[PDB]
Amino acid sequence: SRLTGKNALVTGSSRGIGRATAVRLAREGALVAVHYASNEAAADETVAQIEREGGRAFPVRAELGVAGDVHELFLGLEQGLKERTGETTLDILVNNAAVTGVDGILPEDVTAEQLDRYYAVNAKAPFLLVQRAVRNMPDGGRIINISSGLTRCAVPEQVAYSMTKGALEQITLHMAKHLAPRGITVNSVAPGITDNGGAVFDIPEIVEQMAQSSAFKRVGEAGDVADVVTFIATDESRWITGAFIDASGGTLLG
């Protein structure tokens, strides 16, 4: 119970790595805001798992990458925190949500509007969420940006996505320096290919191809990545800031 009395926001925790992260932060005692855009049933299933495991959580709906997104998210976050604690304190922000489909877009096919959509959700919104979140965050808080090993491994069909993760990792670098005087750490956690429940992971042949990228010759589980995020959220990571944390299963060995 390393996070008793703490409040956490995990963006995009209706499913996948964000669900696994929300579940683990709540097992540690955090009150978790389970954020989603569209899949309310999946958000409700994350919350229901947390409640059955003895924790506390509530859903927050906000489409990121559109006007009023940060405002909408913080309205629901602050109301839920205040009703459950009397306070609006935000100890932990995990920037996990993303436009992150498994379908490729090869460079010849990328459109200006896809560049805009990826960047709005994956780079701009995390920056503006950090800016708003720190108002509420005590000295000693945690900001965790979920990147990708693709910032270190060329994959042409993910160029547009990868650009936005490169921008996200700059948030880590420069905001770690900015926020250090407050004792707020800022780190990137980089997954590799990770089973998020999507249909591709139900095709054993494709999963075995995907698995070859890892030194361990398996795809990641959501919990493999979420276990690393959870450690970073704890006190014992205090001496790690501005860092790139490889949570890829040995996919970044060159």
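One rule holds for the numbers: they count along the sequence shown, beginning at 1.
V102, present in the displayed chain, goes without coordinates in a third or more of the other PDB entries compared that cover both sides of it. Notably, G68 is never a gap: all other compared entries of this protein, restricted to those modelling both its neighbours, have coordinates for it, so the one-third criterion is not met.
As recorded in the PDB entry, 67-75 is the stretch of 67-75 and 91-99 with the greater mean C-alpha temperature factor. According to the PDB record, 197-205 carries the higher mean C-alpha B-factor of the two stretches 40-48 and 197-205. Listed residues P181, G166, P126, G149 were ranked by CA B-factor as deposited; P181 comes out on top. Remark: of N145, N122, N136, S162, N136 shows the highest value [criterion: C-alpha B-factor in the PDB entry]. Sort the chain's modelled residues by C-alpha temperature factor and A62 lands in the middle third, per the entry. In the deposited entry, the Cα temperature factor of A112 places it in the highest third of its chain's modelled residues. Placement of the Cα temperature factor of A226 within the chain: lowest third of the modelled residues, per the deposited record. Per-chain ranking of the deposited C-alpha B factor places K82 in the highest third. Ranked against the other modelled residues of its chain, the C-alpha B-factor of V219 as given in the entry falls in the highest third.
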